[PDB]
Amino acid sequence: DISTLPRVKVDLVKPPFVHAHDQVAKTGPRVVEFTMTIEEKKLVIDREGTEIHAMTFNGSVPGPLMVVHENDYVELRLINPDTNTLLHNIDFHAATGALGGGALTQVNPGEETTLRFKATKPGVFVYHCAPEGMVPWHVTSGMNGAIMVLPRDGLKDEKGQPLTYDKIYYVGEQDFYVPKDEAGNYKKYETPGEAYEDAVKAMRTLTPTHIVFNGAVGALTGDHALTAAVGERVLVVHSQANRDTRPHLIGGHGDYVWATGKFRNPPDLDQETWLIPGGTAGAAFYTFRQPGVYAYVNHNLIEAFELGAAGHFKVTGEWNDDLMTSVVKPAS
Amino acid sequence: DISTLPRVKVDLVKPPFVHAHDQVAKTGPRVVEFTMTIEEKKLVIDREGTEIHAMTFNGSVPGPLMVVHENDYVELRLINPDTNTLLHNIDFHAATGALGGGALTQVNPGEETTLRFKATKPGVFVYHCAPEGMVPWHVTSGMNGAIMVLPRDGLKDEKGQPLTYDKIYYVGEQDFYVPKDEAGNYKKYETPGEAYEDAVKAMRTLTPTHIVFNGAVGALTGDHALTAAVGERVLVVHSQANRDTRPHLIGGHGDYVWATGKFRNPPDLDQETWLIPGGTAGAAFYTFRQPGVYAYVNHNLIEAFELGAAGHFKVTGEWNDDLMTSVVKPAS
Amino acid sequence: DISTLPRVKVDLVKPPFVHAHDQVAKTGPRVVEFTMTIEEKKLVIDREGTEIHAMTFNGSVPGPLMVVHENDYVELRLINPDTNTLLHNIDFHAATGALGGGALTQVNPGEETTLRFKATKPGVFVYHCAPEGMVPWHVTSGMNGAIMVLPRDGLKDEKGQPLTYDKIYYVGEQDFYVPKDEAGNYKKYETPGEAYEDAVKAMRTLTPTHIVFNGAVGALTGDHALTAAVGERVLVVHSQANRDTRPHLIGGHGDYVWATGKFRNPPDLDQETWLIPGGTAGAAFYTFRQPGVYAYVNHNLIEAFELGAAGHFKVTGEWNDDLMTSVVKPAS
Ligand SMILES: O=N[O-]
Ligand SMILES: O=N[O-]
Ligand SMILES: O=N[O-]
Ligand SMILES: O=N[O-]
Ligand SMILES: O=N[O-]
Ligand SMILES: O=N[O-]
Ligand SMILES: O=N[O-]
Ligand SMILES: O=N[O-]
Ligand SMILES: O=N[O-]
Ligand SMILES: O=N[O-]
Ligand SMILES: O=N[O-]
Ligand SMILES: O=N[O-]
Ligand SMILES: O=N[O-]
Ligand SMILES: O=N[O-]
Ligand SMILES: O=N[O-]
Ligand SMILES: [Cu+2]
Ligand SMILES: [Cu+2]
Ligand SMILES: [Cu+2]
Ligand SMILES: [Cu+2]
Ligand SMILES: [Cu+2]
Ligand SMILES: [Cu+2]
């Protein structure tokens, strides 16, 4: 009987940050309530000023990470305000039935809906919009995110001992297919609807024009670099709703990796690079051992460095010469 | 001594259906005899009437699933009738030696041959035609299928307890590279031989024009949807002879997945999406928990919804509101 | 204290061969010293005479395999002679800190440097050049290799029993993106520097013109085929620094496969094909059971047979009719 279960309202936060949660559950099963507002908006995705009509959950690409525990209920109030122009919906890969909730959540502009589902399987999972006949266009316009369903007793290593993270970041990687004119210049439209037939042609090339983390080339750099400290245990959740990716932390490793993101399986150890298939979320646990700048990339290095799929960590603390040292610095 | 072993003749069936077999073996090792006839035929692959000269085992794309047990012998009589125009052969990834049988099975039109091999490794495996100098053209013209070598005691979960399926389907996914004129229109040829140099150029783009399940856009829809009932345990074998795929059951999961298809390994659990590398067969076990329509797709959603890699399940039975429910239906 | 550790100088060998080493360590931890000289040179990559300005470690594509044990120190003297034109460096995915050594190893022409790092994680790992702002261009010009860090007690199977290989080969697979004129002909440049803006445009297509093993179409064929004997246990290390590959031994299997190359994980068994993600090295162990010719390919068969990603094994010994036999040879 759901009516006797505690309810908790959670306020979501912008990626790459994640809302406050407990790793090990301090309550029984709950109904966890979330609200998301669909926003269609113009987004500048690169240094050159290229603009798309993005379709977002809660104003961001990716949409925010939701965090619950195994056998909680998720109750999502989904709002499509009448300033939007398109019909949207939501499919949770975490959910069982009705196309992941897609069949039940169709909202025209000016409508809302509330969906509930039981989170029966532990793991990180993609959610994405999937309206009838326009699925890839919505998804590749930025309308995806992830949800993490933690085991009730938190994460475990390959031997079953606890793994506790100190920080958690969510990296959503996005393939965009911006239409081009005859010569190769990116096209512009006043509305999302205008772009549709050009979008389909661009998608069919199977060749994205931009691949980005957190909505833009260079979004996770500078002032917006991910931070940590030597000694900290960091969990990086990474999703790709449509295309394969192969993450790599330059100067580090994936100590414990769930490449396909499902925590009932033992993690892979000591990964240099791991494959997250399109339509999946993965998670990698790392303990920092050296300070400095790290690049976190898709290790198709063309995708990383030409198309945008690169971000930075800045790590503070003490250098360990035993691990690495310059014996003779560059010289004649 | 093979001459003392029982022989059983098996009649193959058209995909997505699979011939009758026993999961747990009720006999000792057998010589299992199959016959396949090569058919070169015109196939319409999409809604627009695009026609290719397909190369098939037994008239279908994919070729039929063959089912044996570990340490049976497979004896295949392969017939290339003189109504065909090309030389064909067969390579079984299940087999050891002579290029998977490829070196021993070269049949011009009007020839036949009989190959025997011992099925020493349990798993689902691709078979495909591979004639000297024309390998990718035959394979990407539809000349591939799979074989399942069950363990003698059937399938097991990650703990080693029995897993028994109630139904089994075979989904062959096919990348086609149909040649285009200057403007983008698909070309037509009277014979397979005519298309050859145009086929090579199209292949070299590495960009397929169509990606389909069971030979055509929409082949596993409507009257041809896969069916099941709530409570049934379904095994879906999925092969891709040439290109990576990432299957996903929309509204469900892969409860137990052998993504690279080899049953001596423990399955991955609770998968949302899994990667089957080109040149591989995989298998996913699911128990249906909700009725309704499910889409089974390659979760590169451009590949799925624009290029054709989508099919349907129709599942009968009782809705479970505990798993999912609409709290407030779409409204103002 | 490093100064009390034995030092051993190792002379590297050209791929696909690997320098002499011990599988099980016969000493305590050592500082293992290597020297590599960067060579920029013209390379002919295909049968048609297509020429690139390759960037190599030690004159080869790939660079040579380095072999150490877990908790050795690697000390690399890296020389960039003044006959080169570009700045290079080295990133080891085996190493922890400073972008894998990349930040510490920047050498202009006429400079050298010596880097030391502790090999803390067992596995096969990629190394590649990665200069600031020119990373994909150097890597896809051939500037990558691998290092193997063996466990101190050698390799183990999925049950933890020893696995001993009799021979070891290193296959580096390389994606090249040679620029084309308007009509599709490959362009030529007098220097590496000339090609730069054309290289970037070619890379951005994400479509390689050639995919090769060991630097050229047909490099591991004929006189240069890999050899073995029936009964021998062979380890094939395979790396791809930038793009996914899916190796397959035609007529054989991967008995024990570490697809993502990290030996603390149990191997996958009985693989037909396995996925090595771009930015990764993998390793596959096979025992030959039949003589004859085997093809070792990327099983995107367009990549294999049209673009160059195919090599040969020639295996000597006794044919086993029990495994495979032609019952009725091709005939009317
Ligand atoms: O500004 N909305 O695309
Ligand atoms: O769009 N809210 O009713
Ligand atoms: O789905 N593309 O990797
Ligand atoms: O294939 N996706 O990088
Ligand atoms: O499902 N990946 O742990
Ligand atoms: O009709 N045979 O291509
Ligand atoms: O083609 N049958 O002999
Ligand atoms: O082999 N192409 O994914
Ligand atoms: O990369 N094959 O979808
Ligand atoms: O080989 N995959 O279970
Ligand atoms: O000959 N050096 O590119
Ligand atoms: O370039 N050697 O000093
Ligand atoms: O990274 N390309 O498979
Ligand atoms: O996707 N690389 O073959
Ligand atoms: O990390 N692969 O065994
Ligand atoms: Cu939408
Ligand atoms: Cu989906
Ligand atoms: Cu054929
Ligand atoms: Cu094959
Ligand atoms: Cu370089
Ligand atoms: Cu790297």
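The values are calculated or read from the model by the stated rules, or taken from the named source; nothing here is a laboratory result. Don't worry about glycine lacking a Cβ; one is built from the backbone with ideal geometry, like all the others, and counts go over all protein chains shown.
How many of the residues in region C:270-283 are more than 9 Å from chain A (Cβ to nearest Cβ) and over 13 Å from the mean Cα position of the chain (by Cα)? Of the residues in region C:270-283, 5 are more than 9 Å from chain A (Cβ to nearest Cβ) and over 13 Å from the mean Cα position of the chain (by Cα).
Output the residues belonging to region C:306-316 that are more than 19 Å from the chain's Cα centre (by Cα) and either facing chain B (nearest Cβ under 7 Å) or not in a strand (DSSP E or B) (or both). Before the answer, list the steps.
Initial filter on region C:306-316 (more than 19 Å from the chain's Cα centre (by Cα)): C:306, C:314-316.
Residue satisfying the conditions is C:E306 alone.
Only one of the numbered conditions (1) within 22 Å of C:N84 (Cα to Cα); (2) away from ligand 21 (no atom under 16 Å from the Cβ); (3) crowded, with 18+ Cβ neighbours inside 10 Å is violated by C:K188, and that is (3).
Scanning region A:135-161 for residues that are under 30 Å from A:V107 (Cα atoms) and either in contact (Cβ under 8 Å) with a residue 12 or more places away in the chain or more than 11 Å from chain B (Cβ to nearest Cβ) (or both) yields a total of 15. Taking A:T164 as the residue in question, decide whether it is assigned by CATH to the domain that holds A:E40 and hydroxyl-bearing (S, T, Y). Answer is no for this residue. All told, A:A103 falls short of being in a loop (DSSP other than H, G, I, E, B) and more than 16 Å from ligand 8 (Cβ to nearest atom).
Scanning region B:68-105 for residues that are polar (S, T, N, Q) and either surrounded by fewer than 24 Cβ atoms within 10 Å (Cβ to Cβ) or on the phi > 0 side of the Ramachandran plot (or both) yields B:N71, B:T83, B:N84, B:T85, B:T96.
Being free of Cβ contacts under 8 Å to residues at least 60 places away in the same chain and assigned to a loop (DSSP other than H, G, I, E, B) is the filter; apply it to region B:276-287 and report the residue that is farthest from A:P266 (Cα to Cα). Break it down into steps so the answer makes sense when it comes.
Of region B:276-287, the ones free of Cβ contacts under 8 Å to residues at least 60 places away in the same chain are B:276-278, B:284, B:286-287.
Within this subset, residues satisfying the condition of being assigned to a loop (DSSP other than H, G, I, E, B) are B:277-278.
Working: B:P277: 21, B:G278: 25 Å.
So the residue we want is B:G278.
Of everything in region A:119-159 that's in a strand (DSSP E or B) and not hydrophobic (A, V, I, L, M, F, W, C), which residue is surrounded by the fewest Cβ atoms within 10 Å (Cβ to Cβ)?
Of region A:119-159, the ones in a strand (DSSP E or B) are A:123-128, A:144-150, A:153, A:155-156.
Now restrict to residues that are not hydrophobic (A, V, I, L, M, F, W, C): A:123, A:127-128, A:144-145, A:153, A:156.
Values: A:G123: 30, A:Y127: 29, A:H128: 29, A:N144: 30, A:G145: 30, A:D153: 12, A:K156: 16.
Among those residues, the one meeting the criterion is A:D153.
Only residues that are part of a strand (DSSP E or B) and within 11 Å of C:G282 (Cβ to Cβ) were counted in region C:236-263, giving 10. Whenever a residue of region C:184-213 is without any contact (Cβ under 8 Å) to a residue 12 or more places away in the chain and more than 10 Å from chain A (Cβ to nearest Cβ), its partners that are surrounded by 15 or more Cβ atoms within 10 Å (Cβ to Cβ) and not β-branched (V, I, T), lying with C-beta atoms within less than 7 angstrom and at least six residues away or across chains, give the pairs C:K187/C:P179; C:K187/C:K180; C:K187/C:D198. Residues of region A:103-119 include at least one that is over 17 Å from A:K41 (Cβ atoms) and either within 16 Å of ligand 3 (Cβ to nearest atom) or more than 8 Å from every other protein chain (Cβ to nearest Cβ) (or both).
Mind checking which residues of region A:257-268 are surrounded by 24 or more Cβ atoms within 10 Å (Cβ to Cβ) and aromatic (F, W, Y)?
Passing the criteria: only A:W258.
Give B:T245, B:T227, B:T273 a once-over and let me know the one that is crowded, with 24+ Cβ neighbours inside 10 Å, of a type in the set (S, T, N, Q) and in contact (Cβ under 8 Å) with a residue 40 or more places away in the chain.
On the way: B:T227 fails: crowded, with 24+ Cβ neighbours inside 10 Å; B:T273 fails: in contact (Cβ under 8 Å) with a residue 40 or more places away in the chain.
It is B:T245.
Tell me which residues, restricted to region C:177-229, are assigned to a loop (DSSP other than H, G, I, E, B) and either assigned by CATH to the domain that holds C:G59 or of a type in the set (A, V, I, L, M) (or both). Give the derivation first.
So in region C:177-229, the residues assigned to a loop (DSSP other than H, G, I, E, B) come out as C:177-179, C:181-185, C:187-192, C:205-209, C:214-221, C:225.
Answer for region C:177-229, where residues must be assigned to a loop (DSSP other than H, G, I, E, B) and either assigned by CATH to the domain that holds C:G59 or of a type in the set (A, V, I, L, M) (or both): C:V178, C:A183, C:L206, C:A216, C:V217, C:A219, C:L220, C:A225.
With respect to (1) at positive phi; (2) within 16 Å of ligand 4 (Cβ to nearest atom), the lone exception for B:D244 is condition (1). Per the conditions (1) within 14 Å of chain A (Cβ to nearest Cβ); (2) more than 16 Å from ligand 15 (Cβ to nearest atom), the sole criterion not satisfied by C:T164 is (1). Looking only at residues in region B:1-55 that are free of Cβ contacts under 8 Å to residues at least 60 places away in the same chain and among the aliphatic types (A, V, I, L, M), which one is nearest to B:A304 (Cα to Cα)? Of everything passing the filter in region B:1-55, B:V13 is nearest to B:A304 (Cα to Cα).
Does B:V327 satisfy being at the interface with another protein chain (Cβ under 7 Å from one of its Cβ atoms) and farther than 19 Å from A:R264 by Cα? Steps first, please.
Details: at the interface with another protein chain (Cβ under 7 Å from one of its Cβ atoms): yes; farther than 19 Å from A:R264 by Cα: yes.
Spelling it out, B:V327 is indeed at the interface with another protein chain (Cβ under 7 Å from one of its Cβ atoms) and farther than 19 Å from A:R264 by Cα.
Is it the case that B:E303 is more than 14 Å from chain C (Cβ to nearest Cβ) and in a helix (DSSP H, G or I)? Judged against the criteria, B:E303 is a match.
Give me the strands (runs of 3 or more DSSP E) completely within region B:1-78, filtered to those with at least 1 residues that are acidic (D, E) and not assigned by CATH to the domain that holds B:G218, ordered by residue number. Don't jump to the end; show me each part of the working.
Details: elements: B:7-9, B:31-44, B:51-57, B:66-69.
Output list reads B:31-44, B:51-57.
Among all positions in region B:92-111, there is no residue which is touching a residue at least 40 places away in the same chain (Cβ under 8 Å), more than 16 Å from C:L323 (Cβ to Cβ) and touching a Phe, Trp or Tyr at 6+ places or on another chain (Cβ under 8 Å).
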